[PDB]
Amino acid sequence: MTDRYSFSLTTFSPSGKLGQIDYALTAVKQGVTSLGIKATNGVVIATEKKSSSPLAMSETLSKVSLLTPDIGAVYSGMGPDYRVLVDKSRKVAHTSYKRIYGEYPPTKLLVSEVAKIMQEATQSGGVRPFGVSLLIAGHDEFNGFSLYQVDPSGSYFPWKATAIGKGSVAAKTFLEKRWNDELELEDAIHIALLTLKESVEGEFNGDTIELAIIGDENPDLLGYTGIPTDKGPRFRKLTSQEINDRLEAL
Amino acid sequence: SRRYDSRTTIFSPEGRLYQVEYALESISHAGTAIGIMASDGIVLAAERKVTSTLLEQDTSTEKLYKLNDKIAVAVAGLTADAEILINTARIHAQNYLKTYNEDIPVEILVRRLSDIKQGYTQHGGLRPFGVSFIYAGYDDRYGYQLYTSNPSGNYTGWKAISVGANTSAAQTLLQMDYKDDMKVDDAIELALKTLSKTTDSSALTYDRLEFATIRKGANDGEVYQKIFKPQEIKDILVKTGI
Amino acid sequence: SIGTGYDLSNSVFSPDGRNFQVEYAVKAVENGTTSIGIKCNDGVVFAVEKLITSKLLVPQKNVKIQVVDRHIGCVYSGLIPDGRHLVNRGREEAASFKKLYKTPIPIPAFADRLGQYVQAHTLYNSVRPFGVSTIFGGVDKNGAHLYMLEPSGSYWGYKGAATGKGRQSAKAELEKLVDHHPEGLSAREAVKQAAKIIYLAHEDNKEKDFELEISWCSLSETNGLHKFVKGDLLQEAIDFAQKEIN
Amino acid sequence: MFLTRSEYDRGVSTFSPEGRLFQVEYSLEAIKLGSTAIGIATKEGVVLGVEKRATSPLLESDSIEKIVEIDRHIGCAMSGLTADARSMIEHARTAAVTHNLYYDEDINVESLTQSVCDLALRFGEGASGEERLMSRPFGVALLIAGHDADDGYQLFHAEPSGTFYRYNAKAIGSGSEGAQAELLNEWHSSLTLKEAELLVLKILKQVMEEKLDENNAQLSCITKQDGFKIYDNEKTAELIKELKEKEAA
Amino acid sequence: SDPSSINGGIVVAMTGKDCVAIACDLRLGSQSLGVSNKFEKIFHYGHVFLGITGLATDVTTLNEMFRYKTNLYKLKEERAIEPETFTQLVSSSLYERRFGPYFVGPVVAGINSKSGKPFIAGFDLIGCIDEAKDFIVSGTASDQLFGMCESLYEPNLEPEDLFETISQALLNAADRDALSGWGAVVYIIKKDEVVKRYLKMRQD
Amino acid sequence: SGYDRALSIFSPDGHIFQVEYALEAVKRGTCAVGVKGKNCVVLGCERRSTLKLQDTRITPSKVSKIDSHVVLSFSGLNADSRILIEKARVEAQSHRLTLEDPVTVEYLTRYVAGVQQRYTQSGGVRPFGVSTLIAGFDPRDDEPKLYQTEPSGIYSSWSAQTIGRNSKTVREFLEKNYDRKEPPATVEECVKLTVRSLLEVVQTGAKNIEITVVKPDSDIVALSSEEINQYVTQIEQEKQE
Amino acid sequence: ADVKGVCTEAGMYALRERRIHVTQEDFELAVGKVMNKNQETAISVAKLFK
Amino acid sequence: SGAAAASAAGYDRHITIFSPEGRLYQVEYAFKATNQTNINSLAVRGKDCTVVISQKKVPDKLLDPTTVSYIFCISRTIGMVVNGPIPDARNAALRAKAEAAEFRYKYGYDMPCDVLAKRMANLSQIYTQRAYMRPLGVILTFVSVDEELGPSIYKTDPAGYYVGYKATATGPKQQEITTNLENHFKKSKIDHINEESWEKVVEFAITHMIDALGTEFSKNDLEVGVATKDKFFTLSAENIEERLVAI
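Residues numbered from 1 in each chain as written, not as in the entry; some residues may be left out. Chains lettered and ligands numbered in written order. Part of a larger assembly, values for the part shown. Heavy atoms only, no water. Residues with missing side-chain atoms left out of burial classes, pairs and counts.

If you check the PDB entry, chain F appears there as Proteasome subunit alpha type-4 from Saccharomyces cerevisiae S288c. This entry appears in the Protein Data Bank under the title "Yeast 26S proteasome bound to ubiquitinated substrate (4D motor state)".

As annotated in the PDB entry, chain A carries the name Proteasome subunit alpha type-2 and comes from Saccharomyces cerevisiae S288c.

Colleague: Looking at this structure, I do not really get the overall build of chain A. What am I missing?
Modeller: On a plain count of helices and strands, chain A comes out with seven helices and nine strands. Computed over C-alpha atoms, the radius of gyration of chain A comes to 19 Å, within 12% of the 18 Å expected from 2.2 N^0.38 for 250 residues, which places it in the range of a compact globule. Projected onto its principal axes, the C-alpha coordinates of chain A cover approximately 60 × 50 × 40 Å. (Helix = DSSP H or I, 4+ residues; strand = E, 2+ residues; numbered from the N terminus. Rg over C-alpha atoms; globule rule 2.2 N^0.38 Å.)

Colleague: Would you take a moment to explain the interface of chain G and chain A for this structure?
Modeller: Accessible area lost on assembly of the parts is the figure often given for the size of an interface. On the side of chain A, seven residues touch chain G, which itself brings four residues to the contact. Regarding the contact of chain G and chain A, the summed buried area is about 410 Å², with carbon and sulfur atoms giving 74% of it. Broken down residue by residue, the surface that chain G buries against chain A is led by G:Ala46, G:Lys47 and G:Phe49, which jointly contribute 86%. Here chain G and chain A share zero salt bridges between them. Counting across the chain G and chain A interface gives zero residue pairs in polar contact. In the side of chain G that touches chain A, the residues fall into three nonpolar, no polar and one charged. (Contact = heavy atoms within 4.5 Å. Buried area = accessible area lost by both parts, 1.4 Å probe. Salt bridge = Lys/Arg side-chain N within 4 Å of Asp/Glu carboxyl O. Polar contact = N/O pair within 3.5 Å; in protein donor to acceptor, adjacent residues only side chain to side chain. Nonpolar A, V, L, I, M, F, W, Y, C, P; charged D, E, K, R; others polar.)

Colleague: Help me understand the sheet that holds strand 5 (residues 135-140) of chain C, please; the structure alone is not making it clear to me.
Modeller: Think of a sheet as strands paired side by side through backbone hydrogen bonds, with each pair either parallel or antiparallel. Residue and element names in this part refer to chain C. In spatial order, the strands read 3-4-5-6-7; together these five strands make up an open sheet with antiparallel pairing. Either end of the sheet is taken by a strand with one partner, and the two such strands are strand 3 (66-67) and strand 7 (155-157). Both strand 3 and strand 4 (residues 72-75) contribute to a ladder of two bridges, which runs antiparallel. Within strand 4, the residue paired with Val 67 across the bridge is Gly 73. (Pairing = 2+ DSSP bridges.)

Colleague: Looking at this structure, how should I read helix 2 (residues 83-95) of chain E?
Modeller: Working note: α-helix, 3.6 residues per turn, so residues spaced by three or four point in the same direction. Residue and element names in this part refer to chain E. For helix 2, built from 13 residues, the straight-helix expectation of 18 Å at 1.5 Å per residue is met to within 8% by its first-to-last C-alpha distance of 18 Å. Turning to helix 2, its buried residues number three or more, namely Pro 83, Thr 85, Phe 86, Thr 87, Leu 89, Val 90, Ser 91, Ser 93 and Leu 94. Each element contacted by the buried residues of helix 2 is listed here: strand 3 (42-45), strand 4 (48-51), helix 1 (57-77), strand 5 (107-112) and strand 6 (117-122). (Expected span 1.5 Å × (residues − 1). Buried < 20%, exposed > 50% of the residue type's maximum accessible area, 1.4 Å probe, protein only.)

Colleague: I'm lost on helix 6 (residues 174-188) of chain H in this one. Help?
Modeller: Residue and element names in this part refer to chain H. Between its first and last C-alpha atoms helix 6 spans 22 Å; for 15 residues at 1.5 Å apiece the expected length is 21 Å, and the two agree. Turning to helix 6, its buried residues are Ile 177, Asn 180, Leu 181, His 184 and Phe 185. Along the long axis of helix 6, the arc covered by the buried residues comes to 130 degrees, so they all point the same way. The exposed set on the far side of helix 6, more than 90 degrees from its buried face, consists of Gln 175 and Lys 186. Close packing links the buried residues of helix 6 with strand 1 (42-44), strand 7 (167-169) and helix 7 (198-211). At the C-terminal side of helix 6, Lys 189 shows a positive phi close to 60 degrees. (Arc of directions from axis to C-beta.)

Colleague: Help me out: how do you make sense of the interface of chain H and chain C in this one?
Modeller: Contacts between chain H and chain C engage 28 residues on the former and 30 residues on the latter. The dominant element in the side of chain H that touches chain C, judged by the number of residues it contributes, is helix 2 (residues 87-97) of chain H, at five residues. For the side of chain H that touches chain C, the residue count by class is 14 nonpolar, six polar and eight charged.

Colleague: Explain the packing of aromatic side chains here, please?
Modeller: Geometrically, a pair of aromatic rings is defined through the distance of the ring centres and the angle of the planes. The tally for this structure, following the rule as stated, stands at 28 aromatic pairs over all chains. Relative to C:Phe136, the ring of C:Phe110 lies with its centre 5.7 Å away and its plane at 90 degrees, an arrangement referred to as edge-to-face. Here the residue C:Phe110 occupies a position in helix 3 (residues 108-111), and C:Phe136 occupies one in strand 5, the gap between them amounting to 26 residues. Residues E:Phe49 and E:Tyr187 carry aromatic rings whose centres are separated by 5.5 Å and whose planes lie at 70 degrees to one another, so their mutual orientation is edge-to-face. Here E:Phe49 is found in strand 4, whereas its partner E:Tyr187 is found in strand 8 (residues 184-189), with 138 residues between them in sequence. For the pair shown, E:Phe49 and E:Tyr187 are each scored as buried. By way of ring pairs, the aromatic residues C:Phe110, C:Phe136, C:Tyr147 and C:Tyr155 are connected into one cluster. (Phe/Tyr/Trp six-rings, centres within 6.5 Å; stacked < 30°, edge-to-face > 60°.)

Colleague: So what exactly am I meant to see when it comes to a nonpolar patch on the surface here?
Modeller: Together, D:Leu101, D:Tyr102 and D:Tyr103 give the surface a local cluster of nonpolar side chains, amounting to about 450 Å² of exposed area. Position of D:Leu101 among the secondary structure elements: in helix 3 (residues 89-102). (Patch = residues over 30% accessible without salt bridge, like charges linked within 9 Å, V, L, I, M, F, W, Y side chains within 5 Å. Areas by Shrake-Rupley, 256 points an atom, 1.4 Å probe, with all protein chains shown as cover.)

Colleague: So what exactly am I meant to see when it comes to the environment of F:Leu108 here?
Modeller: Looking at where F:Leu108 falls in the secondary structure, it is placed in helix 3 (residues 105-112). Discounting residues that sit within four places of it in the chain, F:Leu108 has contacts with F:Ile66, F:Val70 and F:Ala88.

Colleague: How do you make sense of the packing of helix 5 (residues 167-180) of chain C against helix 6 (residues 190-201) of chain C when you look at a structure like this?
Modeller: When two helices pack together, their arrangement is given by the angle between the helix axes and by the axis-to-axis distance. Residue and element names in this part refer to chain C. Following both chains from N to C, one finds helix 5 and helix 6 inclined at 155 degrees, their axes separated by 10 Å at the closest point. The angle between helix 5 and helix 6 places the two elements in the roughly antiparallel class. In the packing of helix 5 onto helix 6, the handedness of the crossing is right-handed. Here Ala 170, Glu 173, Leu 174 and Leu 177 of helix 5 come into contact with helix 6, specifically with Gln 193, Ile 197 and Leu 200. Classifying every residue of the contact of helix 5 with helix 6 gives five nonpolar, one polar and one charged. (Axes fitted to C-alpha atoms, helices over the stretch in contact; angles between N-to-C directions. Parallel < 35°, antiparallel > 145°, perpendicular 65-115°, else oblique. Left-handed = near helix turned anticlockwise from the far one by under 90°.)

Colleague: Which parts of the structure should I look at to understand the sheet that holds strand 5 (residues 133-135) of chain F?
Modeller: Residues and elements named next belong to chain F. Pairing is antiparallel across the open sheet formed by three strands, whose spatial order is 3-4-5. Bordering the open sheet on either side are strand 3 (64-67) and strand 5, each of which pairs with just one other strand. Neighbour to neighbour, the strand axes of the sheet diverge by 25 degrees on average, direction disregarded. When strand 3 meets strand 4 (residues 70-73), the two strands line up antiparallel, connected through two bridges. Bridging from a neighbouring strand, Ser 64 pairs with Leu 72 of strand 4. Packed onto the sheet, helix 2 (residues 78-99) meets strand 3 and strand 4 and runs at close to 20 degrees relative to strand 3.

Colleague: Can you help me understand unusual backbone geometry in this one?
Modeller: As a rule of thumb, non-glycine residues mostly have phi less than zero, and peptide bonds are mostly trans rather than cis. The phi torsion at C:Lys102 lies on the positive side, around 80 degrees, for a residue other than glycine. Residue C:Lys102 is classed as exposed on the basis of its relative accessible area, which comes to 70%. Despite not being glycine, E:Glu78 has its phi angle at roughly 65 degrees, a positive value. By the element assignment, E:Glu78 lies in the loop between helix 1 and helix 2.

Colleague: Help me out: how do you make sense of the pairing of strand 5 of chain E in this one?
Modeller: Moving residue by residue along a regular strand, the side chains alternate between the two faces of the sheet. All names here are of chain E. Across the six residues of strand 5, six count as buried, placing the element largely inside the fold. Looking at chain direction, strand 4 and strand 5 are connected through three bridges and run antiparallel. Across the sheet, the residue bridging to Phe 49 is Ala 109, located in strand 5. For strand 5 and strand 6, the ladder comprises six bridges, and the chain directions are antiparallel. Residue pairing across strands places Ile 111 opposite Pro 118, the latter belonging to strand 6. Hairpin connection from strand 5 to strand 6: four residues lie between these consecutive antiparallel strands, with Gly 116 at a positive phi of about 60 degrees.

Dropping the structure here:
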């Protein structure tokens, strides 16, 4: 049986609840597993690539994507509602904050400028929301490292170590069986792939996986050696071979 | 009957708009929020529902907020629709100061900011906000103040309220022990008792909560938006002997 | 009526990837007169059954061909006004192809400014598609052309075209010719060879009298423009036709 | 087919298979409510006349204005939905005044009646390709009693549907059907002014629930010389007792 | 007449060993007149300070709009403003009005509370960020002060040793300027405290 | 049925419904009253005080003032009340600007009404569940005046009115005790006619009343609770019987 | 009535150990099941709205 | 049970409505349109030369087969082939051909097929947010010979998904084809294909969509494209007569 308070959004039901949001959050739980957990000196962001056919180059499209040098992301759920989001997220650093403050933003003020790009599409009929989720993760220099979630409702729960998708609670069950307070990044990184060996089927190599880090500056990625203070990025995607040895260390 | 529930401009024959009242049960899902009016400084309070272990519930205040150095808020309702009308309020208070060069009174923005929540229960295919507030202020005309705003647009001034879940008792427990003097430190020891005795759990930790305080108490008079940190509610919390 | 839900509107898709309101418009063309166009070695000739409901109608001035700027013609079979709404967009944009480029509009580039327009109606919701299927061709730098327009938005290049209720018939007599004459008819036998057909295609409506109309465009006999007929040319073509079928 | 009126009723722009659209025909039924009205024309004077529906004994009944001035030589009545009147007449006068600018003359009466009827037609396209301003075609059925030089003394019936008529002796509202037959058979072309004011204060008696006095009624009479005036109470009570002094003999 | 050459005000900024110094003048009035002994041309937002010159409307009107903002950036990010953003904000908050602009010579001064550093800068009326380290000025009498401040400021100065070289740089100039100089004011700044002194000079 | 949803569409009778359904919402709200004599006009409203925590210095007072020489009351729901006033007083104050003669009261009520007859025209907008009472003199005139608005967009002049809850008791009470051709002629008498008009329905409370009067010279005043208890209790003597 | 499971549940430990009797301890863990495992039963969402 | 509560309780005529399964169904019903022609294309890489093939049916004789074609030269270095009805292929073709252009007017070079599949697919998403337009019932392929990446194939569907395959086919008959080159690649482990000449690589791709397709093909039933540096174009009919003589 139906409910007649679910085909639309602006309608309250007697339990004071709205219709379509509750189902979008199910559109992600049916989706693949993705995560990101935290450490003392860096943050990790991971997921896999359930390549549909064997002939699809699984490299021409990145689950992970850069927003600012210090900030990166990953989704779990629907795809096209990701690359349409970020293309109007990173801008908003370059539009609402940067040009009137000179510098790229913190990590949470970025989120506020995502989550209303997420909430513009849940206030008027004629708009399906974004059936996705996000794990924004980055760094700045008065509150420090960080991790953040962003649901389609526009709410952004923060977190420390978390995953999402179908293989969530199996993973979240596992993190605190392995998570601590004083953990370090290269210790927090092999955790976040042996977390993913359970929520998987078949092959578990660099060409069926991709993840990221956050750390100290990576000026070799910068390009314009000669300035003393412009320490370059803080975000780097680990290549295949840089992963494909760690597994044999495991 | 022919079901009059589908737009907030339909007017059932008995005269009552259904789709407003629904909002006023979309609030019970929220997390409690309390404020008592002292004789020498208001107190506020709060409580959270979700308190799993691996999420930073230390710095992130999600309910308590400010509007300026005089005014504070405690929310109870949907969270997508709190940023929308608490930045607007900040943007209203400044744009009063900016063009009368004196501070905002409470009875203005509560009067304003509630008419906004009435501009949506009337026109368009819009929805009404699922929101409530507990204002806490100061101003020359009346001094200490307490106020409240439903998701309709109707507001009323009070002396002590709880919103959100289980207010029924939390008013009842409150109204039969609220003395009328209630020095500030004697107010906090009341607010915890209400949340201690009304909630669903039995732990009432330091992480689940936040409660702040307004204070005129300094010499060379001025206002102090004192928000409390996790480390000192523990002093509040051991001191009572929970 | 496979789907009682997926027909009340447009801009939807059935479970079988279809939209049926187009598949019902096409049944409004079928309830319309016949119209054809033959391709020739130099140009084209058009034609139509022009029915008459009474004796009271004036002859030869309730015409049905609409002539676009001097070098392409358009004939209908269906609901006329949605048609005449359509040329009256094709008669204006072609100017806006001229005043930027100064050449008369070619034929294909005239199609895509129609075949792309019609497709717009069949993707919104606040509109209705067209109940026509109009033929149009003409002459340009690179020869002749001839096309069919169809309310799905499709158009394809035809040596011969026929619509209306005389579809299944005239799709035969235009198959015969293109076997006899691969070498290209001339523009003074196709015409009378058209009249043969509309007098053969009438016989779904042997009840009622009617009137015959022709319009023709080819370089030799006209110097590359569009034009009606008159005089011995059509009168003999009449005399040619009802002869052979008696 | 029996579901011809049940479903094609509510949207304005739905032809029913009988050709007709209903939501206008219901607007006509509105003015059948309200309080009645009459208009009689003459070679000497036009006259109106109404009841008032005494609702409570403490109201100040100069307020509900079923009759108005609209210009010095025109006057209206209305037996319909009230609030949709004051959106009408604040247009109808505005033409007459505007007309006194662009053409400097007392406007005719029918043109005014044609400007109204080209206003209620705005649930659609008006004359000059206009688009829309409402969706609620409203019941204010008027009687436009006026004078102009070309044709003398006139009245009209202006309806929401747009189409109007130059009635000579009309009566609209709730007490119509009992009246408009009664005025069918007592309208000469050679009456006076005061051979009509008594008349319209006889039909109004029998048709209305209560008895007749000054309080529950009034009337008006324009004239090319004086203008629109709404008569006075004690003046009307003169005519009422005059009538009785005619009845018994 | 130019807008910049009407009312009259002179401001100065100067770096020092873990200290800075900023000052301004108090005269104000129409062309060839003076009305008020008392118009604090200098302001402060958070720990970060600011000083303005030129037309008085666009003094009083820039105070408010910047005060409209930093009381949001504190509420929104839970952290005060520091200068090296503020100095960018005043550029783009003026370069939006490249046409129909304001008529100001601004300054800025403050410490960066992370690295304990000092900082100052200057600007023009459409946002050219000058980042001199020794000093920077603005006002009607700039040409009468880039000379009698250059020769007087060494590097690596001490607060009161740095104080008295502002005032004399500020007094011997304003006493020569034509449209300024009814009483002054100065601020000396350290990492964690501030004090206000006035100064003595002529009158009318 | 089907015809009892919207505003655009009519019954097969003529009735337009939603407007009729608002006025049912009036009657789920507290009373009000308005009386006039010759040198005075008055107004009353039964409030509540049914809660103790609520501070009482800012008591919910139906009354509002549009200008010096005008007052107002309402009924219905109050989320909308704040609106009409906030557009009403604007309009009075954007009149003397534009004209330097304040409002003929009949000009005002045709703007409180006017804002209701625009919010009953088009779907996508709701009416006002409200019904007012005006009271104020003109400038440079003595004639005391009183109207009421109503979400249908109409209005009429009234010598005495009572709206809100249980008004169908108070009217007939005022149909005897009044007489149009001999009004009260003193500022005490209208109040006594007005107080005992509340006492039928108000559980013989006296903290549950507010009265506010109006006079020429731009005069208005609210009365004192202790000034009512002697206007209350002295009546009770007069029904010692 | 949850208690009726407790006083039952306590003895169930002794059954597992084959002891017949109990003490306070065999109750002090019962609370760990009916109460905590009601809060650790269905509080396992994180998505919610304030 | 699958679509039973779908076909009954709405969820199949509005785009912007989710089902409690999470599935929205309208776009998942668009794909049935792609196969409304019974047509089946193909594409493969090269050393520097790319190719795409399509049937070109034999309807009633009256057509003028010069114009029936589902191969649209978009710009230079670019091309595309559709899978779906013609009209809903043009509006995608033309929204592109006026999009490669302005780029070259606004950025100073010609777009690749990367962006051209990310842009046009960044739109078909949008039209599955709003009700502007029914999503175009197609699934379209792109080709190019880029300067920085070499050959490149890409693909786009009505949701917005896009990936650059190494080789692929489409239509009603993917499984038969796709296996008849998936197995081919695991032989040699070359993402590309040998036979330097754009000529010799055609005859590879023809014969694989003969043995695994289900019949034999003439010159007229086909139409074929090709991409080479500086150009994109179509072809003649002799390439098969110089096949079966060798065999």
